[PDB]
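Colleague: See run23.txt below, with compact mmCIF, C-alpha atoms.
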# COMPACT_ATOMS: atom_id res chain seq x y z
CA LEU A 841 19.93 -21.67 -33.65
CA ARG A 842 18.07 -19.80 -36.39
CA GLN A 843 14.99 -21.87 -35.58
CA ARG A 844 15.52 -20.85 -31.95
CA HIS A 845 15.68 -17.22 -33.08
CA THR A 846 12.35 -17.64 -34.85
CA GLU A 847 10.55 -19.15 -31.85
CA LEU A 848 12.12 -16.60 -29.50
CA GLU A 849 10.97 -13.73 -31.71
CA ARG A 850 7.44 -15.17 -31.66
CA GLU A 851 7.52 -15.31 -27.85
CA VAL A 852 8.90 -11.76 -27.62
CA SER A 853 6.05 -10.60 -29.85
CA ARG A 854 3.51 -12.35 -27.63
CA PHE A 855 4.83 -10.73 -24.45
CA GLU A 856 5.08 -7.28 -26.05
CA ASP A 857 1.51 -7.54 -27.36
CA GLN A 858 0.17 -8.83 -24.04
CA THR A 859 1.89 -6.07 -22.08
CA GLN A 860 0.67 -3.39 -24.50
CA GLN A 861 -2.99 -4.43 -24.29
CA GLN A 862 -2.79 -5.04 -20.54
CA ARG A 863 -1.18 -1.68 -19.78
CA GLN A 864 -3.63 0.16 -22.04
CA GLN A 865 -6.76 -1.20 -20.35
CA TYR A 866 -5.29 -1.04 -16.84
CA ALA A 867 -4.00 2.50 -17.44
CA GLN A 868 -7.46 3.59 -18.57
CA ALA A 869 -8.86 2.16 -15.32
CA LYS A 870 -6.15 3.93 -13.30
CA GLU A 871 -6.92 7.23 -15.01
CA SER A 872 -10.59 6.74 -14.18
CA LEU A 873 -9.62 6.24 -10.53
CA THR A 874 -7.56 9.45 -10.56
CA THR A 875 -10.44 11.40 -12.10
CA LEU A 876 -12.78 10.03 -9.42
CA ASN A 877 -10.53 10.93 -6.49
CA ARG A 878 -9.51 14.31 -7.99
CA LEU A 879 -12.86 15.66 -9.22
CA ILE A 880 -15.21 13.94 -6.74
CA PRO A 881 -13.34 12.62 -3.67
CA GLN A 882 -16.54 12.56 -1.58
CA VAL A 883 -16.96 16.16 -2.72
CA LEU B 841 38.05 -17.57 -14.43
CA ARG B 842 37.59 -18.60 -10.80
CA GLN B 843 38.69 -15.09 -9.81
CA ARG B 844 36.02 -13.79 -12.19
CA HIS B 845 33.43 -16.07 -10.60
CA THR B 846 34.34 -14.77 -7.15
CA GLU B 847 34.02 -11.11 -8.09
CA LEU B 848 30.86 -11.80 -10.09
CA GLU B 849 29.30 -13.49 -7.06
CA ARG B 850 30.06 -10.36 -5.03
CA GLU B 851 28.44 -8.21 -7.72
CA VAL B 852 25.39 -10.49 -7.83
CA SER B 853 25.02 -9.99 -4.08
CA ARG B 854 25.18 -6.22 -4.56
CA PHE B 855 22.54 -6.24 -7.32
CA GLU B 856 20.17 -8.37 -5.26
CA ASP B 857 20.54 -6.17 -2.17
CA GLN B 858 20.01 -2.98 -4.18
CA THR B 859 16.93 -4.21 -6.05
CA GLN B 860 15.30 -5.56 -2.89
CA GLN B 861 15.90 -2.38 -0.90
CA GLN B 862 14.72 -0.05 -3.66
CA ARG B 863 11.56 -2.03 -4.35
CA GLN B 864 10.60 -2.08 -0.66
CA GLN B 865 11.32 1.62 -0.17
CA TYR B 866 9.40 2.76 -3.24
CA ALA B 867 6.56 0.38 -2.39
CA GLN B 868 6.06 2.04 1.00
CA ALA B 869 6.27 5.38 -0.80
CA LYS B 870 3.53 4.19 -3.16
CA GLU B 871 1.33 3.21 -0.22
CA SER B 872 1.73 6.65 1.36
CA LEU B 873 1.01 8.33 -1.98
CA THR B 874 -2.19 6.32 -2.42
CA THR B 875 -3.33 7.18 1.11
CA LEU B 876 -2.79 10.88 0.34
CA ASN B 877 -4.58 10.85 -3.01
CA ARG B 878 -7.38 8.80 -1.41
CA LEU B 879 -8.12 10.65 1.82
CA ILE B 880 -7.00 14.25 1.15
CA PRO B 881 -6.66 14.92 -2.61
CA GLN B 882 -7.04 18.73 -2.36
CA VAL B 883 -9.67 18.24 0.35
CA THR B 884 -7.30 20.44 2.35
CA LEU B 885 -8.22 23.26 -0.04
CA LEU B 886 -11.90 22.67 0.67
CA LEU B 887 -10.98 22.93 4.35
CA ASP B 888 -8.69 25.93 3.64
CA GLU B 889 -7.89 26.14 7.37
CA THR B 890 -10.92 28.42 7.63
CA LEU B 891 -11.87 27.81 11.29
CA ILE B 892 -15.35 29.23 10.78
CA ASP B 893 -16.48 28.98 14.43
CA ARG B 894 -19.86 30.49 13.45
CA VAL B 895 -22.29 27.75 14.55
CA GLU B 896 -22.35 29.42 17.98
CA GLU B 897 -23.36 32.75 16.43
CA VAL B 898 -26.04 31.04 14.33
CA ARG B 899 -27.33 29.41 17.52
CA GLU B 900 -27.46 32.82 19.19
CA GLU B 901 -29.31 34.29 16.19
CA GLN C 516 -36.46 29.75 9.13
CA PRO C 517 -33.63 30.75 6.78
CA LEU C 518 -31.27 30.51 9.74
CA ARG C 519 -32.42 26.93 10.37
CA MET C 520 -31.22 25.78 6.95
CA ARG C 521 -28.05 27.84 7.38
CA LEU C 522 -27.45 26.07 10.70
CA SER C 523 -27.86 22.58 9.23
CA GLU C 524 -25.58 23.31 6.28
CA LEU C 525 -22.93 24.90 8.50
CA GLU C 526 -23.05 21.90 10.84
CA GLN C 527 -22.25 19.60 7.92
CA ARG C 528 -19.41 21.96 6.97
CA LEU C 529 -17.94 21.63 10.47
CA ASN C 530 -18.30 17.86 10.14
CA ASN C 531 -16.26 17.86 6.92
CA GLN C 532 -13.64 20.18 8.40
CA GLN C 533 -13.08 17.82 11.34
CA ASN C 534 -12.93 14.87 8.93
CA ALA C 535 -10.19 16.60 6.94
CA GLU C 536 -8.27 17.62 10.07
CA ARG C 537 -8.38 14.11 11.54
CA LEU C 538 -7.29 12.43 8.31
CA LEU C 539 -4.49 14.98 7.86
CA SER C 540 -3.21 14.38 11.39
CA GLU C 541 -3.33 10.60 11.09
CA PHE C 542 -1.43 10.55 7.79
CA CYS C 543 1.11 13.15 8.92
CA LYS C 544 1.73 10.92 11.93
CA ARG C 545 1.89 7.70 9.90
CA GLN C 546 4.45 9.15 7.47
CA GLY C 547 6.39 12.01 8.96
CA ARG C 548 5.25 13.55 12.21
CA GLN C 549 4.17 16.97 10.95
CA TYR C 550 4.53 16.98 7.17
CA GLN C 551 3.56 20.27 5.47
CA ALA C 552 -0.16 19.69 5.90
CA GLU C 553 -0.77 23.25 4.65
CA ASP C 554 0.09 22.37 1.03
CA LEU C 555 0.97 18.74 0.32
CA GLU C 556 0.47 18.48 -3.47
CA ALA C 557 4.21 18.92 -4.06
CA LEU C 558 4.93 15.77 -2.06
CA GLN C 559 2.45 13.84 -4.19
CA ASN C 560 4.34 14.99 -7.30
CA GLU C 561 7.71 13.99 -5.82
CA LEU C 562 6.36 10.59 -4.78
CA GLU C 563 5.10 10.00 -8.33
CA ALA C 564 8.60 10.90 -9.54
CA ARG C 565 9.95 8.33 -7.07
CA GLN C 566 7.57 5.74 -8.56
CA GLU C 567 9.12 6.50 -11.94
CA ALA C 568 12.46 5.98 -10.20
CA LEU C 569 11.08 2.64 -8.99
CA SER C 570 10.38 1.51 -12.54
CA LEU C 571 13.79 2.68 -13.78
CA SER C 572 15.72 1.12 -10.90
CA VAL C 573 13.94 -2.23 -11.00
CA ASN C 574 14.27 -2.65 -14.76
CA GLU C 575 17.94 -1.63 -14.79
CA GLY C 576 18.82 -3.91 -11.88
CA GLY C 577 16.98 -6.88 -13.34
CA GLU C 578 18.42 -6.62 -16.83
CA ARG C 579 21.98 -5.97 -15.63
CA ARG C 580 21.99 -8.70 -12.99
CA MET C 581 20.59 -11.29 -15.39
CA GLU C 582 22.95 -10.24 -18.21
CA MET C 583 25.97 -10.68 -15.94
CA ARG C 584 24.48 -14.02 -14.88
CA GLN C 585 24.57 -14.98 -18.56
CA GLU C 586 28.20 -13.87 -18.59
CA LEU C 587 28.66 -16.23 -15.64
CA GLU C 588 27.13 -18.99 -17.77
CA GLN C 589 29.67 -18.27 -20.51
CA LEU C 590 32.44 -18.43 -17.90
CA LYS C 591 31.02 -21.74 -16.65
CA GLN C 592 31.10 -23.30 -20.11
CA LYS C 593 34.65 -21.98 -20.48
CA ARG D 545 -16.70 7.65 -19.72
CA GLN D 546 -16.64 4.26 -17.96
CA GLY D 547 -20.00 2.60 -17.52
CA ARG D 548 -23.15 4.50 -18.34
CA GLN D 549 -24.65 5.30 -14.93
CA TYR D 550 -22.80 2.66 -12.92
CA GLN D 551 -24.00 3.70 -9.44
CA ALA D 552 -22.60 7.24 -9.53
CA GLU D 553 -24.74 8.21 -6.51
CA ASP D 554 -22.15 6.68 -4.16
CA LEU D 555 -19.20 5.43 -6.19
CA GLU D 556 -16.72 4.79 -3.36
CA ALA D 557 -16.82 1.02 -3.88
CA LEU D 558 -15.62 1.25 -7.48
CA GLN D 559 -12.39 2.93 -6.36
CA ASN D 560 -11.38 -0.21 -4.44
CA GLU D 561 -11.96 -2.32 -7.55
CA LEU D 562 -9.78 0.09 -9.50
CA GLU D 563 -7.16 -0.22 -6.73
CA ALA D 564 -7.00 -3.98 -7.25
CA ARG D 565 -6.64 -3.30 -10.97
CA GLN D 566 -3.91 -0.74 -10.24
CA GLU D 567 -1.83 -3.22 -8.24
CA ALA D 568 -2.29 -5.91 -10.89
CA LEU D 569 -1.09 -3.34 -13.43
CA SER D 570 2.32 -3.11 -11.78
CA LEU D 571 2.55 -6.88 -11.38
CA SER D 572 1.56 -7.69 -14.97
CA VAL D 573 3.73 -5.09 -16.66
CA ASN D 574 6.79 -5.81 -14.51
CA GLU D 575 6.63 -9.55 -15.13
CA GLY D 576 5.94 -9.22 -18.86
CA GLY D 577 8.76 -6.74 -19.36
CA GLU D 578 11.17 -8.94 -17.42
CA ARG D 579 10.27 -11.96 -19.54
CA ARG D 580 10.69 -10.17 -22.86
CA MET D 581 13.99 -8.72 -21.61
CA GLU D 582 15.22 -12.18 -20.59
CA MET D 583 14.60 -13.45 -24.10
CA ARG D 584 16.20 -10.33 -25.58
CA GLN D 585 19.39 -11.34 -23.77
CA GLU D 586 18.89 -14.99 -24.78
CA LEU D 587 18.47 -13.77 -28.36
CA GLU D 588 21.75 -11.88 -28.05
CA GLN D 589 23.37 -15.08 -26.76
CA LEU D 590 22.00 -17.06 -29.70
CA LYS D 591 23.18 -14.34 -32.09
CA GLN D 592 26.65 -14.51 -30.55
CA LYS D 593 26.64 -18.32 -30.72
Show the structure stored in the file as structure tokens.

Modeller:
Amino acid sequence: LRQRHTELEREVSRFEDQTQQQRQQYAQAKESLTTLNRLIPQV
Amino acid sequence: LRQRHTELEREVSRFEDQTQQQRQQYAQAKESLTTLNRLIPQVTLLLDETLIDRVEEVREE
Amino acid sequence: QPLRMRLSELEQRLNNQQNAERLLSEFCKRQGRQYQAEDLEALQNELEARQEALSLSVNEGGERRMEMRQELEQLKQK
Amino acid sequence: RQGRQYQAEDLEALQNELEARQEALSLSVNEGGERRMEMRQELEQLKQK
């Protein structure tokens, strides 16, 4: 079960890393969309 | 333990119903929010309910 | 001649005003029937708050339901 | 800020792309969080075992 802990902690790390990078890039894109439709919505 | 299984099944049903309903409701709310911040994100302030009605005067001039 | 340019610019302004009015009416009919078109920013803020509520509710429901399912697994082994 | 000129003259099309990205944002983060949470509970089960 300690070996299972080790592999599980690796997998948890992978998902946390993947979500962090994904949300950072996607959030930057979302913020760009908000700036577009707030500053220049066909203005 | 079979009593526990029965009550736990009821609670599982409640969780599933609640999660489904909330996700649908907030998803429709998200769609409405995106339509607002797409079509009229402060464009109403550009409109400002002015009702200029001055093209006729400019045509007379 | 100045009035000619004024006329063209003002005609485009009327065009935009009708665009805004039409879009306002169609949304206010799609959600609501007449929904504070005069100042609707507050509703955008509340709907963003409700999206935060979405995240909270979905995460809480998922983790709790699956944790009690694991309790069910313990009961099953028992 | 994003791109360098990237067709700013009429940039409506880009917003749709960003909308696809925005939806995928919710999907990706929800699924990833749920997975890590599942293994957090499985880790608790292993700890208790």

Colleague: Enumerate, in order of chain and increasing residue number, the residues of chain A with an atom no farther than 7 Å from stretch 554-574 of chain D, each with its shortest atom pair and distance in Å to one decimal, counting only C-alpha atoms, as a tab-separated table.

Modeller:
residue	atom	partner	partner_atom	distance
A:859	CA	D:573	CA	5.8
A:863	CA	D:569	CA	6.6
A:866	CA	D:569	CA	5.9
A:869	CA	D:562	CA	6.2
A:870	CA	D:566	CA	6.0
A:873	CA	D:559	CA	6.0

Colleague: What's around residue C:528 at 10 Å? Count all atoms listed in the file, leave out sequence neighbours fewer than 3 positions away in its own chain, and write the answer as a list in words.

Modeller: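 Everything that qualifies: residues 886, 887, 892 and 895 of chain B; 522, 523, 524, 525, 531, 532, 533 and 534 of chain C.
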
Colleague: Grab the residues selected above and save them as an mmCIF file, keeping the file's coordinate frame with C-alpha atoms.

Modeller:
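Now in part_12.cif:
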data_model
loop_
_atom_site.group_PDB
_atom_site.id
_atom_site.type_symbol
_atom_site.label_atom_id
_atom_site.label_comp_id
_atom_site.auth_asym_id
_atom_site.auth_seq_id
_atom_site.Cartn_x
_atom_site.Cartn_y
_atom_site.Cartn_z
ATOM 1 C CA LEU B 886 -11.900 22.670 0.670
ATOM 2 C CA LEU B 887 -10.980 22.930 4.350
ATOM 3 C CA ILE B 892 -15.350 29.230 10.780
ATOM 4 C CA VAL B 895 -22.290 27.750 14.550
ATOM 5 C CA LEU C 522 -27.450 26.070 10.700
ATOM 6 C CA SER C 523 -27.860 22.580 9.230
ATOM 7 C CA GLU C 524 -25.580 23.310 6.280
ATOM 8 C CA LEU C 525 -22.930 24.900 8.500
ATOM 9 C CA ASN C 531 -16.260 17.860 6.920
ATOM 10 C CA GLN C 532 -13.640 20.180 8.400
ATOM 11 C CA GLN C 533 -13.080 17.820 11.340
ATOM 12 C CA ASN C 534 -12.930 14.870 8.930
#

Colleague: Kindly assemble as JSON lines a list of the chain B residues that lie within 8 Å of chain A, each paired with its nearest atom pair and their distance in Å to one decimal, using all atoms listed in the file, sorted first by chain and then by ascending residue number.

Modeller:
{"residue": "B:877", "atom": "CA", "partner": "A:877", "partner_atom": "CA", "distance": 6.9}
{"residue": "B:878", "atom": "CA", "partner": "A:877", "partner_atom": "CA", "distance": 6.3}
{"residue": "B:879", "atom": "CA", "partner": "A:881", "partner_atom": "CA", "distance": 7.8}
{"residue": "B:881", "atom": "CA", "partner": "A:878", "partner_atom": "CA", "distance": 6.1}
{"residue": "B:882", "atom": "CA", "partner": "A:878", "partner_atom": "CA", "distance": 7.6}
{"residue": "B:883", "atom": "CA", "partner": "A:881", "partner_atom": "CA", "distance": 7.8}

Colleague: I want to know what sits within 12 Å of residue B:857, based on all atoms listed in the file, with residues of the same chain fewer than 4 positions away left out; could you give that as a ChimeraX atom specification?

Modeller: /B:850-853,861-864 /C:573,576-577,580

Colleague: Chain C residues within 12 Å of chain D, counting only C-alpha atoms: which ones, as a short mmCIF file (atom, residue, chain, number, x, y, z; two decimals) with C-alpha atoms, keeping the file's coordinate frame?

Modeller:
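Resulting contents of iface_7.cif:
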data_model
loop_
_atom_site.label_atom_id
_atom_site.label_comp_id
_atom_site.auth_asym_id
_atom_site.auth_seq_id
_atom_site.Cartn_x
_atom_site.Cartn_y
_atom_site.Cartn_z
CA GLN C 566 7.57 5.74 -8.56
CA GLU C 567 9.12 6.50 -11.94
CA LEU C 569 11.08 2.64 -8.99
CA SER C 570 10.38 1.51 -12.54
CA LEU C 571 13.79 2.68 -13.78
CA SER C 572 15.72 1.12 -10.90
CA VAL C 573 13.94 -2.23 -11.00
CA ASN C 574 14.27 -2.65 -14.76
CA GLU C 575 17.94 -1.63 -14.79
CA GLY C 576 18.82 -3.91 -11.88
CA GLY C 577 16.98 -6.88 -13.34
CA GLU C 578 18.42 -6.62 -16.83
CA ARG C 579 21.98 -5.97 -15.63
CA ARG C 580 21.99 -8.70 -12.99
CA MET C 581 20.59 -11.29 -15.39
CA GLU C 582 22.95 -10.24 -18.21
CA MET C 583 25.97 -10.68 -15.94
CA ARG C 584 24.48 -14.02 -14.88
CA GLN C 585 24.57 -14.98 -18.56
CA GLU C 586 28.20 -13.87 -18.59
CA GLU C 588 27.13 -18.99 -17.77
CA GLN C 589 29.67 -18.27 -20.51
#

Colleague: Mind working out the centre and edge lengths of an axis-aligned box for stretch 865-881 of chain A, all listed atoms inside, 4 Å added to each side, rounded to one decimal in Å and written as JSON?

Modeller:
{"center_x": -9.6, "center_y": 7.2, "center_z": -12.0, "size_x": 19.2, "size_y": 24.9, "size_z": 24.7}
